[PDB]
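Enquirer: Dropping a structure here in structure tokens format, bear with me for questions.
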Amino acid sequence: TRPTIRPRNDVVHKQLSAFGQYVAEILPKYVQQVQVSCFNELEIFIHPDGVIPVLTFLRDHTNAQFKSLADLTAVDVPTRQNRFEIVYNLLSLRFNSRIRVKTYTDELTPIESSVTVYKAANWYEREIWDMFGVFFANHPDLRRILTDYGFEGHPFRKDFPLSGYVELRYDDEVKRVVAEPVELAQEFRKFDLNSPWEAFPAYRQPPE
Amino acid sequence: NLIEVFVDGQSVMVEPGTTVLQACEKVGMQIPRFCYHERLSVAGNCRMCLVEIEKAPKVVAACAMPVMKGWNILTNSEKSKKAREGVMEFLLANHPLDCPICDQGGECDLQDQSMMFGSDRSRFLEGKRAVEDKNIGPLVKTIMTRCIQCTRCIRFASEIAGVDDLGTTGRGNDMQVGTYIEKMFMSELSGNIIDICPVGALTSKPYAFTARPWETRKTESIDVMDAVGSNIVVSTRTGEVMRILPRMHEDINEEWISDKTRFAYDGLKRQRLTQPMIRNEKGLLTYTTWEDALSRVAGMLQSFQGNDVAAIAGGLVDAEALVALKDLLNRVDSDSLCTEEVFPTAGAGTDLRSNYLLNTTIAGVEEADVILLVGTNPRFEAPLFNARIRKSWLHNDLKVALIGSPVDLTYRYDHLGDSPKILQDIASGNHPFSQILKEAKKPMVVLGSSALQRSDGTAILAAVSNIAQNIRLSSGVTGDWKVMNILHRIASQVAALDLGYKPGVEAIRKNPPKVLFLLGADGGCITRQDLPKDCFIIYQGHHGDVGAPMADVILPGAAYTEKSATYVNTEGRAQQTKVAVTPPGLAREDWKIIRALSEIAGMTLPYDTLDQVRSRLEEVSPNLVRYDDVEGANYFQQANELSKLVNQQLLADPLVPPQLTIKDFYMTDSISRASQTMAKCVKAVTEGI
Amino acid sequence: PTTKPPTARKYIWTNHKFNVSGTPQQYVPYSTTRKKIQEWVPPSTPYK
Amino acid sequence: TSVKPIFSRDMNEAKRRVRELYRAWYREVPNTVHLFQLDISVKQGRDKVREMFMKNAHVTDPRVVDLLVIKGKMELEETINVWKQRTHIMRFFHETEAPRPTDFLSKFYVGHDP
Amino acid sequence: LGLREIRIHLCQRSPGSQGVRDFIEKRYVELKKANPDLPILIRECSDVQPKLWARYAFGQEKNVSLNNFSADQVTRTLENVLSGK
Amino acid sequence: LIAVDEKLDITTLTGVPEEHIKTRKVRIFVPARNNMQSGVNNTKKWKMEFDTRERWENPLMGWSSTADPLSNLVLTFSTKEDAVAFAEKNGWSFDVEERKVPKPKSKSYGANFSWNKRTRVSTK
Amino acid sequence: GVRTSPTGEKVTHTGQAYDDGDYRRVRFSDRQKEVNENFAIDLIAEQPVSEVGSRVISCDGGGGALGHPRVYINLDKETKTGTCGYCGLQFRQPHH
Ligand code: SF4
Ligand code: SF4
Ligand code: FES
Ligand SMILES: [Mg+2]
Ligand SMILES: [Zn+2]
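If you read the sequences in order, they're chains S3, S1, AM, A6, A2, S4 and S6.
So the authors' numbering is basically just the index in the first sequence, starting at one, shifted up by 42.
So the authors' numbering is basically just the index in the second sequence, starting at one, shifted up by 29.
So the authors' numbering is basically just the index in the third sequence, starting at one, shifted up by 97.
So the authors' numbering is basically just the index in the fourth sequence, starting at one, shifted up by 40.
So the authors' numbering is basically just the index in the fifth sequence, starting at one, shifted up by 13.
So the authors' numbering is basically just the index in the sixth sequence, starting at one, shifted up by 51.
So the authors' numbering is basically just the index in the seventh sequence, starting at one, shifted up by 27.
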């Protein structure tokens, strides 16, 4: 029975693989790669300029009715040339399925806004811009959403310090809240927790 | 040629004699281990490295089994996993539940390998074994209930340290590791048994209970206690130095550090200089401000000039500080710059680096065939150099000959008298060792710099250079092998000689100065007895040992753990110490202090940042900014020709090294003298028990 | 507690104290660790 | 290597956009001073706008200039719509920050800063 | 006017330092013997041109490029510094 | 698609203060293996960390205070070239340390029982 | 076993006591200093020594799962008492 191990769904794995081949054949111009995770989650890696065609197909196609945009976020990987990774999660209610579309960009490369396909993309792209600095070209209203007014820098980048650079306090001389360089009574204590022994041999990388 | 083996179906070419563990290391797989250490011999008793061969029905010890042609190694097979689980089950079945009160804590190999390869449950329903704890000195704390009988300390003791006082007594489950008598394992390489013990059986006593591995921040710096230039890691916690650990460098350090390096970090917390000090109307030292102290020093510097200005550099000074002080003293046309260590200036002197450097690198000792030590005690002057010599001796039948005092090295050597008359005899060719050197393919002559401190250091240098020249003439002239070698015992000596400081204080003795800058000079070579009356002394340093008591103005500076600095070891390699903590109190960086003093005096130095100071260092000597490089030109012919022209007479005194015992090793410099752990070690080795 | 009295220990407070904030008996924080660095003490005797 | 442009193609159109943004900011300072009841002068506000523009005068990449003018337009529309308060407008001036010493001797006296 | 020290920086492998290396090999010993009290420090460069720094009194230093110089040219340049012309 | 003959420089866009842009030197290096353990899984990725700044003792409770925002910031890169490119485009100074890998070693169990060599062990 | 410093300030079990010239004693003016009167070292010294006729004894701190992890103390060194270090409890084989 193996009660401590999650059961696997080969039927769903095969269905997702077949649909991945289907979409890859239908859109060869932009689809760069297709993967299926072992917990049955389809993933498509496309060219950054194929966002609008791929999303429009996945929304309007009869066999792919992904009418709902579940989420839209970014992942920062500084070791890559195109550090920012834009991730779209789509939900198909007609077929009761979920799909993921992943593209890449850097600081100075705009990404076409998908507000014309999904309306939630408006606030999702505003948050992505506010937190990472990724610019979306045709956005009806692109501005900060979460950070303070006049905040400098994008907090969610990996190179942004955890406590930031400035702090706020009330200064009685000027009778207003003032911003001053950060200074902590107790410094955040960094812990080195990585064990020096490899845990999962299945993910071992070549020594190169 | 290389043979082809397979690891998990992946082909890899390995040299004959390669073991399964090394083949897996080449393919990128690290087999678990407890008794196997790459620097020690192969034991094959912990049985944790058992792996399955595809067609062999029996598991093999990967650390000791050579690979055969066409062998498929199944590292992650079911049999291998079951073997690992069983071995871990036995080890943990007999192990005690001491993890929370154990200094090994979060950096234990038993814990990590249990979490990665062992089971998560215990079937042991019996009573555990308790073992009496031994006592092997004030440095290593033994809680031997945690020993897993892996025999790493025994093999290390014997092979590396040349001390055979560790072993296993009894047999069966009651086998115990110890001395069997109340004997202290006191040696210059004793903390490495603390490092290599995979469990908390051997732990550091000064570091006991203070911190945990996950809290500490690691700063990669180098060692300044001796001239080897060992690479270390400083473990700090909330801006306080907590521990010193070795850092691998196969050409210098090779995973080992000396006990003085490891356990003298607690001298940085005592007798520290934290505020500038002047003298009041009563002549007593009182705290003052940087502006006032620097104004007084600048006034004296403006009042005096010429050869009436001297500087004495100590043993823990950096290249940036040395070059800043040199420029400051050259601003006033003054030139009484000196180091508190003597090197023969006759002939080539400090002009050629291949005259005071260790030309044959430390890694080059392993390639030598015959080595001759003159007037040195490498077991205490440079413990890692002696360790490398011992390793070469053991693994290549290296013939070691020592001229002078019969110090107890950790290996058998041919003793040659105690007088430099033998040194002259070898050069002439009467001694049989001349024939041994002639027939040797790779000879080496290492002259200790402590022997150059005598009144006839120039004569000794000329004699050893003549020996090297005779070797060159008789043997092959062709080849890049370098015979002449000089071994230093002061960290800053090589950097000062490269920058252009005059070695020794003979110049200052000849011309008494009116202004004296003691830059970390705690050796006591020159005092107010030698100085003229009412001489003005500015002592810039971080510990108050001699210069601070006898100084007029005291300027607190930064320690090596507290400043970013450059140090050149005995073989000419330059390494930069990084910042671990910040100087206490009002202490500042040394070159910054010198630059501020120059600015106040009006002769402002042209550098304001570390990059600019290092550009100045590059201008004076580019080898001080080429860090990892050790290659250099050879000018032995020129040095020998310049040495031959003027010669003197050798004294009729025995060559006695300044350090003859481990207590003399323990007390060498200001940090060691301020250390409490070193005091405990001295008391233990003197009074015993 | 009349039916089931608590276990008696020698270190338990005999007199209970209420919240003493705003009173002279209030808790005041301080560091319980010694000084990390000892500074050098210059000699009390003159020189030269 | 050819890269996708945000705007302006070459540098001339980027400079044109910079000048447009500068005009928009210049014509907004009196309104900002009047609405926010700032105690500063209009000349001080114009000089601060000039200073903020000048600290990016070393940029020679058209895409970076385009992003700079985009962020400038954002922070201008925050000021026009009174989304910012007097707090942020005065944060532009650092009126409470103590003057940091800049000479080597003063930096040496105060602490261990480079 | 009063020369204090001389520093000769030559790369041990670059072609441009071939003349300077030959000067050290066959001419340095005689030069040093004539000036026993003059500090003539020979050092090593990595990829820059060879240099001849001359530290005079009161911390004034003049640098002369020795790139692609022959042994004779190095000798003439060095003897100009010692003489003062 | 425009062509730019310029070096990448996003210092004006990162929002970092000029002090922490100019006066900072990062250290690119492969972490040294901890000598207390034989594992080598923490010596495979390059790291970028900033220089240590001043830490003082809080007057109250004696805690460890700081004024350096980039004290705890450590970045992981898969390649020295990637780390150098990131540091260059962010504008900080950098010092690079070459990776140190242990040299191959010839291990032989039979050498412990040599007939005439010094490698013979006196104990097991 | 509380002890008083020469400045009139009580000394804690860790030896903490502000110096005479330390300005930080002002925080205790018109207020008090939080010092715990019970000294663990003194109490554990006041505890007696248990004698058991076995080479190896086991200590779990009392209470079973409410104590500390079980450890084994080897009572072979006749010149000292074997101390369980979780609870600082001394055991000793019956001599004489
Ligand atoms: S040696 Fe390791 S397993 Fe044993 S008590 Fe210590 S931390 Fe635990
Ligand atoms: S004390 Fe440590 S190194 Fe020695 S045999 Fe026991 S576990 Fe191994
Ligand atoms: S590592 Fe091979 S048996 Fe111990
Ligand atoms: Mg250990
Ligand atoms: Zn107990």
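Idealized CB from N, CA, C, for every residue including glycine.
(1) How would you label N121 (chain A6), buried or exposed, when you count the other beta carbons within 10 angstroms and need 16 or more for buried?
(2) Whole angstroms is fine: what's the gap from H103 (chain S3)'s alpha carbon to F137 (chain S3)'s?
(3) Who's in the neighbourhood of ligand 2, going by beta-carbon under 7 angstroms from any heavy atom, listed in chain order?
(4) Have a look at the DSSP bridge pairing and note the partners of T136 (chain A6).
(5) Just to confirm, are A577 (chain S1) and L313 (chain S1) a CB contact at a threshold of 9 angstroms?
(6) Take every Cβ of the stretch 275 to 291 of chain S1, pair it with every Cβ of the stretch 606 to 621 of chain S1, and state whether three or more of those distances are shorter than 8 angstroms.
(7) Within its chain, find whatever has a CB closer than 7 angstroms to the CB of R645 (chain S1); leave out the 5 residues flanking it on each side and keep chain order.
(8) Would DSSP call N101 (chain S1) helix, strand or coil?
(9) Could you tell me the distance, in whole angstroms, from the CA atom of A397 (chain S1) to the CA atom of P686 (chain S1)?
(10) What is the DSSP secondary structure of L313 (chain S1), reduced to helix, strand or coil?
(11) Which class does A594 (chain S1) belong to by DSSP, given the choice of helix, strand or coil?
(12) Would DSSP call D693 (chain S1) helix, strand or coil?
(13) Can you tell me which of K109 (chain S3), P95 (chain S3), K71 (chain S3), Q57 (chain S3) puts its alpha carbon nearest to the alpha carbon of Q77 (chain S3)?
(14) Quick check on this structure: which residue in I60 (chain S1), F565 (chain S1), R557 (chain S1) has the alpha carbon closest to the alpha carbon of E240 (chain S3)?
(15) Tell me which residues share the same chain as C114 (chain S6) and place their Cβ nearer than 7 angstroms to its Cβ, disregarding the 5 neighbours each side in the sequence.
(16) Mind listing, in chain order, the continuous beta strand (DSSP E) runs of no fewer than 3 residues lying wholly within the stretch 120 to 204 of chain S3?
(17) Does chain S1 have any CB closer than 9 angstroms to the CB of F82 (chain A2)?
(18) I'd like to confirm something about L126 (chain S1): is its beta-carbon nearer than 8 angstroms to some heavy atom of ligand 1, or not?
(19) When DSSP labels each residue in this structure, what does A54 (chain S4) get in the three-state scheme?
(20) Going along the stretch 136 to 153 of chain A6 in order, which residues come within less than 7 angstroms of chain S4, judged by CB to CB distance?
(21) I'd like to check one pair, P52 (chain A2) with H22 (chain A2): are the Cβ atoms closer than 9 angstroms?
(22) In terms of alpha-carbon separation, which member of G229 (chain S1), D380 (chain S1), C176 (chain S1), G220 (chain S1) lies closest to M204 (chain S1)?
(23) Just to confirm, are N652 (chain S1) and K511 (chain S1) a CB contact at a threshold of 9 angstroms?
(24) Could you tell me if the beta carbon of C710 (chain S1) falls within a distance shorter than 8 angstroms of some heavy atom in ligand 5?
(25) Looking only at its own chain, which residues have a Cβ that is under 7 angstroms from the Cβ of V91 (chain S4), when we skip the five neighbours before and after it?
(26) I79 (chain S4) to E100 (chain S4), Cα distance in whole Å?
(27) Can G446 (chain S1) be considered in contact with ligand 1, in the sense that its beta carbon sits closer than 8 angstroms to one or more heavy atoms?
(28) Taking 8 angstroms as the cut-off, is the beta-carbon of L116 (chain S6) closer than that to any non-hydrogen atom of ligand 5?
(29) Enumerated in chain order, which unbroken segments of the beta strand (DSSP E) with a length of 3 residues or greater are wholly contained in the stretch 387 to 412 of chain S1?
(30) Evaluate contact between the stretch 568 to 586 of chain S1 and the stretch 543 to 554 of chain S1, counting only Cβ atoms and requiring at least three cross-stretch pairs below 8 angstroms.
(31) Could you say if the stretch 532 to 539 of chain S1 and the stretch 597 to 613 of chain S1 meet the contact criterion of at least three C-beta pairs nearer than 8 angstroms?
(32) What does the Cβ neighbour count give for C80 (chain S3), buried or exposed, with the cut at 16 atoms within 10 Å?
(33) Ignore the nearest five residues each way along the sequence and tell me which others in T115 (chain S3)'s own chain have a CB closer than 6 angstroms to its CB.
(34) Return the chain-ordered list of same chain residues with a C-beta closer than 7 angstroms to the C-beta of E284 (chain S1), the five sequence neighbours on each side being excluded.
(35) List the endpoints of the continuous alpha helix (DSSP H) containing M513 (chain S1).
(36) Taking the runs of the alpha helix (DSSP H) that are 4 residues or longer, which of them lie wholly in the stretch 69 to 118 of chain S6?
Expert: Let's see:
(1) exposed
(2) 12 angstroms
(3) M173 (chain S1), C176 (chain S1), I177 (chain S1), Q178 (chain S1), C179 (chain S1), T180 (chain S1), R181 (chain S1), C182 (chain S1), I183 (chain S1), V206 (chain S1), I222 (chain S1), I225 (chain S1), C226 (chain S1), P227 (chain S1), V228 (chain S1), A230 (chain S1), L231 (chain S1)
(4) Note: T136 (chain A6) sits in no beta bridge, so no partner.
(5) no
(6) no
(7) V352, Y636
(8) strand
(9) 24 angstroms
(10) coil
(11) strand
(12) helix
(13) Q57 (chain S3)
(14) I60 (chain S1)
(15) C86, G88, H95
(16) 126 to 134, 139 to 147
(17) no
(18) yes
(19) strand
(20) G151, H152
(21) no
(22) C176 (chain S1)
(23) no
(24) no
(25) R84
(26) 7 angstroms
(27) no
(28) yes
(29) 399 to 403
(30) yes
(31) no
(32) exposed
(33) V129
(34) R68, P275, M277
(35) Note, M513 (chain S1): premise wrong, no alpha helix (DSSP H); beta strand (DSSP E) at 513 to 516.
(36) none
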